[PDB]
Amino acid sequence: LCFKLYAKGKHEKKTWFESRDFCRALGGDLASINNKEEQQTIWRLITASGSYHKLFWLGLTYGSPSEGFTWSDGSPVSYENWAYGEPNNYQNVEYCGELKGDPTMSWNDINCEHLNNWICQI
């Protein structure tokens, strides 16, 4: 699968659901990061575009209380790269996952209605 970053204009950020719909409209989905190689591919996409210091929706979304986080594309949640302290379900309203697009490439749970950049896979 090919990844593509979407860091558009200031008023062009999207909720998690809007981002998922955008990627699905192109025949793909929000990006799942299944291992370190895929993480590196995305990090180099960030360096290549110069789209530094941005946050991006990934395909992380909460399932049932039993299962916790899942990937929107159905991939297993094998690899995890949560930032320290995450996921923390801050104020009980955080059911989607974002990537901090810095060298650590760490993940944070955040409210799904937050407006973010996003990363698709096709």
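The term rigid core refers to the most C-alpha atoms you can superpose between the two forms while keeping them within 1.5 Å. The numbering used is simple: start at 1 and walk along the sequence shown.
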Check: Out of 1 to 9 and 113 to 121, which shows the greater rigid core-aligned C-alpha deviation in 8 other deposited structures of this protein?
Finding: 1 to 9
Check: Following superposition on the rigid core, is the mean squared CA displacement, expressed as RMS, greater for 50 to 58 or for 77 to 85 in 8 other deposited structures of this protein?
Finding: 77 to 85
Item checked: 64 to 72 set against 46 to 54, stretch whose average Cα temperature factor tops the other in the entry -> 46 to 54
Check: 35 to 43 versus 81 to 89: which one carries the higher mean Cα B factor per the record?
Finding: 35 to 43
Check: Highest Cα B-factor in the PDB entry belongs to which of 10, 14, 20, 100?
Finding: 10
Next item on the list: Relative to the other modelled residues of the same chain, rank the CA B-factor of residue 115 and answer lowest, middle or highest third.
Entry: middle
